[PDB]
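Below you'll find the structure, written out as structure tokens, and then a few comments.
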Amino acid sequence: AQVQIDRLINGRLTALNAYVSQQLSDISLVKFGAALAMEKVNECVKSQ
Amino acid sequence: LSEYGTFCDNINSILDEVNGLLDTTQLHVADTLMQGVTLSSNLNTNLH
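Protein sequences appear in the order of chains H and G.
Take the first sequence: its position 3, counted from the start at 1, is 1076 in full-length UniProt numbering, and no numbers get skipped.
Take the second sequence: its position 44, counted from the start at 1, is 876 in full-length UniProt numbering, and no numbers get skipped.
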């Protein structure tokens, strides 16, 4: 049962590593989107 | 490999999304180059 469960663990742990890499990459784009939004608030809304 | 099917679906989906971002970016660059560009119909760069 350990032999079959270890295959499930390696598959599910590999799936979590892939997901965590994806989420790290996506949040970097969200941070740059937020920086652009803050720049537009300051330079288009509060001032011209 | 069919027992690992979600890995290939994710790899294909991520590269398709990445390539969609490259396409969207190229359109935004081309739009930026063309924005406000007005030319005379009389313009002939062989003579001008």
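We treat Cβ as the ideally placed atom computed from N, Cα and C, and that holds for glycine.
In this structure, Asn-844(G) sits away from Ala-1091(H), with a CB-CB distance that is not shorter than 8 Å.
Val-1103(H) and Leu-1081(H) have their alpha carbons spaced roughly 33 Å apart.
The beta carbon of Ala-1091(H) falls within 8 Å of a beta carbon belonging to chain G, placing the residue at that interface. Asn-844(G) has a beta carbon lying at 8 Å or more from every beta carbon in chain H.
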